[PDB]
Colleague: 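Right, I'll just put the structure down here and ask away after.
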Amino acid sequence: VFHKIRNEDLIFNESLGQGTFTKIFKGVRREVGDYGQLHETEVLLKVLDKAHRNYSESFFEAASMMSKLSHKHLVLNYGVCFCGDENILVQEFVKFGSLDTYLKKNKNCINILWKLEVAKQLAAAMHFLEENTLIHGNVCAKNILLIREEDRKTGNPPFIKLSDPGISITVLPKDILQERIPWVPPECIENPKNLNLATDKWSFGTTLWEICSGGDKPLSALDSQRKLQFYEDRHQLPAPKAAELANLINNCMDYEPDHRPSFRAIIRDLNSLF
Ligand SMILES: CCN(CC)C(=O)c1ccc(Nc2nc(OCC3CCCCC3)c3[nH]cnc3n2)cc1
């Protein structure tokens, strides 16, 4: 179970946006930390809409399953306040927010080494999940959090974490899944029961496209029906302007799930582009 956090110790501040059937807020948690020292800690607060309390189980098991596995590239969940009528997940507050917004805002100031480093870290996370046979189910740039920016002073690389998957696509409405093309793989658009470790290899390739497309969203110009016909016609995504990773993107986004390479293989491919 998650460590239950008192409503009394949670302060909700500015709205940061919304997720799939969720409201997200910046907040502060009053807690007793190491050595009995009192802290007021910045927290990310994800609230499940009162209008969609049906997905609470998935909304919370998505964080639970990942939280039992500690890893430097996986987001830290502090606990949950079932604040009465509300279902609230309390998470590590990352300084620089989402990768997709960071890529858009800093498109002209991001080189290939920066993108390689971020891809290697994300693949390391996914490899760790693969070794544990844990399916994420929603790998995308929005679910990558920037802990530290690159530092030209000390040449330090950036550092990222993978966030929780949110409500599983197995229970999400059909219209939500279709909107998530091309992050949801073709076999899951055909049948969500096909959720598999191979799903995350496809989505990982889609996310590599985002990292190389400076924040663009692939197929954003296509409505849901045309996104479906994109999979029907078995099309592949266009090569990004920075095409250094185009081959890996296409190799991951294989219409045959069984042919998608292991994340061990993916990592060795990334290490070879130097
Ligand atoms: C100058 C503008 N910036 C940063 C360049 C910010 O406003 C900002 C936003 C969010 C954080 N922090 C954050 N964000 C998350 O998710 C991403 C958010 C979900 C809802 C959509 C908006 C992003 C998180 N998930 C788990 N811990 C999280 N911590 C820090 C800063």
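Keep in mind that the numbers below use all heavy atoms, side chains included, and drop hydrogens, waters and symmetry copies. In each ligand, atom 1 is the first atom listed, and ligand 1 is the first ligand listed. We number each residue from 1, following the sequence as shown.
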Colleague: Near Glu92, which atoms of ligand 1 are under 4.0 Å from a heavy atom of that residue?
Modeller: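 Those of ligand 1 that fall under 4.0 Å from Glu92 are 26 (C), 27 (N), 28 (C), 29 (N).
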
Colleague: Under a 4.0 Å threshold between the charged nitrogen and the carboxylate oxygen, would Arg260 count as salt-bridged to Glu187?
Modeller: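 Here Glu187 pairs with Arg260 in a salt bridge, since their nearest N and O are under 4.0 Å apart.
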
Colleague: In ligand 1, which numbered atoms sit nearer than 4.0 Å to a non-hydrogen atom of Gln91?
Modeller: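 Counting from 1, the qualifying ligand atoms are 25 (N), 26 (C).
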
Colleague: Are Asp254 and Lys201 ion-paired here, with the side-chain N under 4.0 Å from a carboxylate O?
Modeller: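 Answer for the salt bridge query: no.
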
Colleague: Is any side-chain N of the basic residue among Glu130 and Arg264 closer than 4.0 Å to the acidic one's carboxylate O?
Modeller: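 Here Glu130 does not pair with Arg264 in a salt bridge, since their nearest N and O are not under 4.0 Å apart.
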
Colleague: Should you measure from each heavy atom of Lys95, which atoms of ligand 1 turn up under 4.0 Å away?
Modeller: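 Near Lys95, the atoms of ligand 1 are 30 (C), 31 (C).
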
Colleague: Heavy-atom contacts with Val94 under 4.0 Å: which atoms of ligand 1 show up? List them by number with element.
Modeller: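 Once the distances to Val94 are compared, the set is 11 (C), 12 (N), 13 (C), 28 (C), 29 (N), 30 (C).
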
Colleague: Answer yes or no for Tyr102: is there a heavy-atom contact with ligand 1 below 4.0 Å?
Modeller: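 No heavy atom of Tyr102 comes that close to ligand 1.
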
Colleague: For ligand 1, which part of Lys26 has a heavy atom less than 4.0 Å away: the side chain, the backbone, both, or neither?
Modeller: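 Answer for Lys26: neither.
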
Colleague: Please verify the inter-ring angle class for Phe230 with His235; under 30° counts as parallel, over 60° as perpendicular, anything in between as tilted.
Modeller: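 Aromatic pair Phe230/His235 classed tilted.
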
Colleague: Apply the test salt bridge (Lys or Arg N to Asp or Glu O under 4.0 Å) to residues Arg234 and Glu256: give CA-CA distance (whole Å), side-chain angles for both, the deciding distance (0.1 Å), then the verdict.
Modeller: CA-CA 11 Å; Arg234 298 214 146 195; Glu256 176 51 61; over 6 Å; no

Colleague: Counting heavy atoms only, which of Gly17, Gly97, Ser163 comes nearest to atom 10 (C) of ligand 1?
Modeller: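 Among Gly17, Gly97, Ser163, the closest heavy atom to atom 10 (C) of ligand 1 belongs to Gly97.
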
Colleague: Could you label the plane-to-plane angle of the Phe12 and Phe25 rings as parallel, tilted or perpendicular, counting under 30° as parallel and over 60° as perpendicular?
Modeller: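 Geometry flag for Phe25 against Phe12: perpendicular rings.
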
Colleague: Tell me which part of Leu145 gets within contact of ligand 1: side chain, backbone, both or neither, using heavy atoms under 4.0 Å.
Modeller: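 The side chain, only.
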
Colleague: Please list, in number order, the atoms of ligand 1 under 4.0 Å from a heavy atom of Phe96.
Modeller: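 Reading through ligand 1 atom by atom, the close ones are 4 (C), 5 (C).
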
Colleague: Between the side chains of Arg29 and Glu40, is the shortest nitrogen-to-carboxylate-oxygen separation below 4.0 Å, so that they form an ion pair?
Modeller: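 No, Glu40 and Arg29 are not salt-bridged.
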
